[PDB]
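Asker:
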Amino acid sequence: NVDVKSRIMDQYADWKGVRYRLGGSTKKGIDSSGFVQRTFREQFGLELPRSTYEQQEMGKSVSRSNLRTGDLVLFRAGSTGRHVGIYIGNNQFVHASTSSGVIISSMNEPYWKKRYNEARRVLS
Numbered sequence: 037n038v039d040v041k042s043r044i045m046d047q048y049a050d051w052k053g054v055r056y057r058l059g060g061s062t063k064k065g066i067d068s069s070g071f072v073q074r075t076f077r078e079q080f081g082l083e084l085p086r087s088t089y090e091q092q093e094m095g096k097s098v099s100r101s102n103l104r105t106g107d108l109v110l111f112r113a114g115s116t117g118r119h120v121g122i123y124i125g126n127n128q129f130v131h132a133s134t135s136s137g138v139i140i141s142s143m144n145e146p147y148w149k150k151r152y153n154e155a156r157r158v159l160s
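Quick note on mature numbering (1 follows the signal peptide of the UniProt record, and there is no 0): the sequence shown kicks off at 37 and runs consecutively.
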């Protein structure tokens, strides 16, 4: 009974442009795993682990061709080499980017295309 796309965009609209901060988890500064953890807690009542390393072990893996809104997409980015976002369809994803804060990006940007690693499904 959940409009998943609407709820993810609700979170994004509440967090748009919040600055990136490695280890942060407030609107004063948040990182990529932090934003994903907070989204799924507040919008879907799910408790993901805190770190990107643990988040890529959650749920089940999905191929890039089978991506669905709400899947986690993972890239080789940021100072830890592990960077996570939330797929929202149309080849787009929301994430706390290291350079620009919470933003929408596209899987088809060369920067992200060449850094894409894998994806996880945590929503039924």
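Positions of the beta carbon are idealized from the N, C-alpha and C atoms, including for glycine.
(1) What's the C-alpha gap between residue 106 and residue 41?
(2) Would you decide whether residue 81 is buried or exposed? Buried here means 16 or more other CB atoms lie within 10 Å of its CB.
(3) Using a Cβ-Cβ cutoff of less than 6 angstroms, which residues in the same chain neighbour residue 128 once the five nearest sequence positions on both sides are dropped?
(4) I need the straight-line Cα distance from residue 74 to residue 61, nearest angstrom please.
(5) Taking the straight line between their C-alpha atoms, what separation do you get for residue 116 and residue 69?
(6) Going by C-alpha distance, which of 88, 147, 146 and 55 is nearest residue 122?
(7) Within this structure, are the beta carbons of residue 167 and residue 132 separated by less than 8 angstroms?
(8) What is the DSSP secondary structure of residue 101, reduced to helix, strand or coil?
(9) Might you give, ordered along the chain, the residues of its own chain that have their beta carbon closer than 6 angstroms to the beta carbon of residue 63, omitting 5 neighbours on each side?
(10) To the nearest whole angstrom, what separates the beta carbons of residue 97 and residue 156, a pair I think is in contact under 8 angstroms?
(11) Cβ of residue 51 less than 8 angstroms from any chain D Cβ?
(12) What three-state label does DSSP hand residue 53 in the structure shown?
Answerer: On the basis of the supplied data:
(1) 7 angstroms
(2) exposed
(3) 140 and 142
(4) 8 angstroms
(5) 11 angstroms
(6) 88
(7) With the chain covering 37 to 160 only, the question about residue 167 has no answer from this structure.
(8) In the three-state DSSP reduction, residue 101 falls in the helix class (H, G or I).
(9) Closer than 6 angstroms at the Cβ level, and outside the excluded window around residue 63, lie 54.
(10) The beta-carbon distance between residue 97 and residue 156, rounded to whole angstroms, is 6 angstroms. This is short enough to meet the 8 angstroms contact definition.
(11) In the structure shown, chain D cannot be found, because there is only a single protein chain.
(12) coil
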